[PDB]
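Only one chain is shown below, in structure tokens, and it's the form deposited in one PDB entry.
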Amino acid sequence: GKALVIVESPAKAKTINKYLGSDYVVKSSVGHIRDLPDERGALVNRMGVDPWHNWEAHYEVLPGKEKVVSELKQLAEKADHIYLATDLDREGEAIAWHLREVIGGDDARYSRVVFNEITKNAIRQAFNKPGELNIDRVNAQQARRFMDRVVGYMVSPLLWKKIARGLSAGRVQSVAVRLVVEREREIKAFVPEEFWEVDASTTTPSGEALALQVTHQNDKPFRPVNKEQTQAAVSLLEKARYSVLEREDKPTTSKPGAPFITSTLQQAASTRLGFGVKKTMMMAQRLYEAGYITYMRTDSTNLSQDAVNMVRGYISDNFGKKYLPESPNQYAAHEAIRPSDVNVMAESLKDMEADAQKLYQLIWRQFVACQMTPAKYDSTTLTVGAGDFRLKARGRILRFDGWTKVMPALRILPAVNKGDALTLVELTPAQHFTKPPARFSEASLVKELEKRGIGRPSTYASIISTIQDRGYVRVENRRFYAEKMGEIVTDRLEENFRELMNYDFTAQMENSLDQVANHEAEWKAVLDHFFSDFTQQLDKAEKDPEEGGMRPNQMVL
């Protein structure tokens, strides 16, 4: 009469099993078990969903999954209750749904356990008050896959006939590419502008060196545009008398960032560790399944009181009172990506390759740092007057490292009083040129997608990978480049699928899927509205170019 517990991977099973008594029998589904394969029976067949028949779906068991199916049913009868312990997100919710449909039986036999980490306490609480499968979330998850399937299978064929065979269309992927093609064109059309800067080396009364940057000439910002203007300014600066007009000494602080969420974890892992989005999410996943960190698909910077209290204890013991804030820091109930146990160091992780330990370390330090006091600096700003010019010297000295103490080990302005005379040693004119917009990176793109409300913790990685192996954009030197085909398709889609390509409408769809997940909308009605708009767009696109249809990629003579 033992209880059955189902998870989606052997790894999770392994870990969760350590915290489940003998009353439980943990089993992995090993994959999704089941999923998908003016109406056209053949189109509907390929899609596995019927837009013209109220979104009737045809879910099939994946290859070689019937064995696992019969393995679960068999274990299901022997169990008095079935616990679907899939991941906490919608996809996890849908997988749980599919397992229940297959294994069949009374709904009362099923509980949906949710937990953001696989630890003794988290599993305890998760299995103490088991919840029910949330059909709204399942519907929100299926609504998403149905529309993605629709766009994919209905827009792609049009692309094959108008542009090229094999091209793919993606509800969100095409919008993502659009961001890259837009950036590509801003860069292409950028005309670098020349501007100059003049730095001045001076000596304080006490003989110390003081590097100054000219900021103003005649109270207006100093922005010479060419060599002649710079020379004229330089010959004036060469004869001027330098003196400190203002000495601004102010205490400043730097606060630690918020604990990681999916998008910032990917950004930081990419910038600091050079890790790609896929690599990061793959390692993050293994760390989560091994019970080392909380769920890695989140956009919440929340930290549980237990997590906060465990880290504050670590900070007090290992860093001291001055690094412990009066009260815990709170940022912006899911959780941030943090270690499951702060006392587990990156070096102590079992069966994790070097890079996964490094990701853990990144996550660990960010988590610890986020609960530490601010770093304190004594900032100094010197405003120097030189005839009609004003020069600036900015300095900074660390007064208290605070949170930076958990980060790896790492300009001193000389002492000058206002009114002091400075001696000019040398003037250095430097030619600069405005730089075109930076190219999207592994990080900055997810960030841009997060910013525009387009992505989603559990889609960022997928979106980034999907737009790459299909000839639209390519990553070179850890940077995105839009391919000719990416621009060609993006122009076609913007012209004939404007609503589908619109950033706001795309962000709004995410809101609409969230409305479904929160019982504020009904999935089929949301799918109907989407399909209505979609088909209207699609019908015009299929027409001849002279009818306002999509332009073929021909270059007629």
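Numbering starts at 1 and runs along the sequence shown. Whichever C-alpha set is largest while still superposing within 1.5 Å between the two forms counts as the rigid core.
- Of the other entries compared for this protein that flank it with modelled residues, all give atoms for residue 494, so not even a third lack it.
- Compared with other PDB entries of the same protein, residue 247 is present in all of those that resolve the residues around it, none of them, let alone a third, dropping it.
- Per the record, residue 354 and residue 355 are directly connected, as no deposited residue between them is missing from the model.
- A chain break between residue 410 and residue 411 is present, corresponding to 4 to 9 residues of the deposited sequence without coordinates.
- The stretch 67-75 shows the higher mean C-alpha B-factor when 320-328 is compared against 67-75 in the entry.
- Comparing 411-419 with 237-245, the higher mean C-alpha B-factor in the PDB entry belongs to 411-419.
- Highest C-alpha temperature factor among 358, 185, 109, 338, as the PDB entry reports it: 109.
- Comparing C-alpha B-factors across 259, 436, 374, 170 in the deposited entry, the largest value falls on 436.
- When the modelled residues of the chain are ordered by C-alpha B-factor, residue 85 sits in the middle third.
- Ranked by C-alpha B-factor against the other modelled residues of its chain, residue 142 falls in the lowest third.
- Sort the modelled residues of the chain by CA B factor and residue 220 lands in the highest third.
- Residue 511 sits in the lowest third of its chain by CA B factor, as recorded in the PDB entry.
- Among the modelled residues of the chain, residue 100 sits in the middle third by CA temperature factor in this PDB entry.
We do not show the form deposited in another entry, though everything after this point is about it.
- With the two forms fitted on their core, the C-alpha shifts between the shown form and the other one stay under 2 Å for all of 381, 343, 253, 431 except 431.
- The Cα position of residue 309 differs by less than 2 Å between the shown form and the other one after fitting on the rigid core.
- Core-superposed comparison between the shown form and the other one: the Cα of residue 220 travels 2 Å or more.
- With the core superposed, residue 199 shows a C-alpha displacement of at least 2 Å between the shown form and the other one.
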